[PDB]
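Down below is the structure, laid out as structure tokens.
Protein chains in written order, with the entry's author numbering: chain B, 392 to 439; chain A, 489 to 536.
Quick look at the structure:
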């Protein structure tokens, strides 16, 4: 791919399902749209 | 990781993520014998 454009943010363990294509609700509408049909690879790592 | 990922279909997703029911009819036409198909009316057999 021409540019990876890797992203960085921290969430709590309730938004993992919100960072997903096509989903709605406060979280992921207020902040990261993460628009549907994007080629993606979201990695969630416990940072406790 | 578990090899299967469930997907929760919701009425609020766009057409790219909505569920679709698909039926694939797989068949060979050139196999010499057949036991099925043909909505045709037969005639007599002339024999010459």
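Every residue, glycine too, gets a C-beta built ideally from N, C-alpha and C.
Cβ-based neighbour list, residue i, same chain, cut-off 8 Å, excluding 5 preceding and 5 following
i	result
residue 428 of chain B	412
residue 392 of chain B	430
Beta-carbon proximity of residue i to residue j, cut-off 9 Å
i	j	result
residue 497 of chain A	residue 506 of chain A	yes
residue 397 of chain B	residue 409 of chain B	no
residue 421 of chain B	residue 400 of chain B	no
residue 435 of chain B	residue 395 of chain B	no
residue 523 of chain A	residue 415 of chain B	no
Contact with chain D by residue i, beta-carbon distance below 9 Å
i	result
residue 416 of chain B	Although the question refers to chain D, the structure presented lacks it and instead comprises the protein chains B and A.
Quiz item: Name the residues in the region 497 to 523 of chain A whose C-beta lies less than 7 Å from a C-beta of chain B; which are they?
Solution: Near chain B, meaning a CB-to-CB distance below 7 Å, the residues of the region 497 to 523 of chain A are 500, 501, 502, 504, 505.
Quiz item: According to a CB-to-CB cut-off of less than 9 Å, which residues of the region 395 to 422 of chain B neighbour chain A?
Solution: Those residues of the region 395 to 422 of chain B that come within reach of chain A (Cβ to Cβ, closer than 9 Å) are 408, 412, 413, 414, 415.
Self-check item: alpha helix (DSSP H) runs contained entirely in the region 495 to 525 of chain A, provided each spans 4 or more residues
Solution: Correct list: empty.
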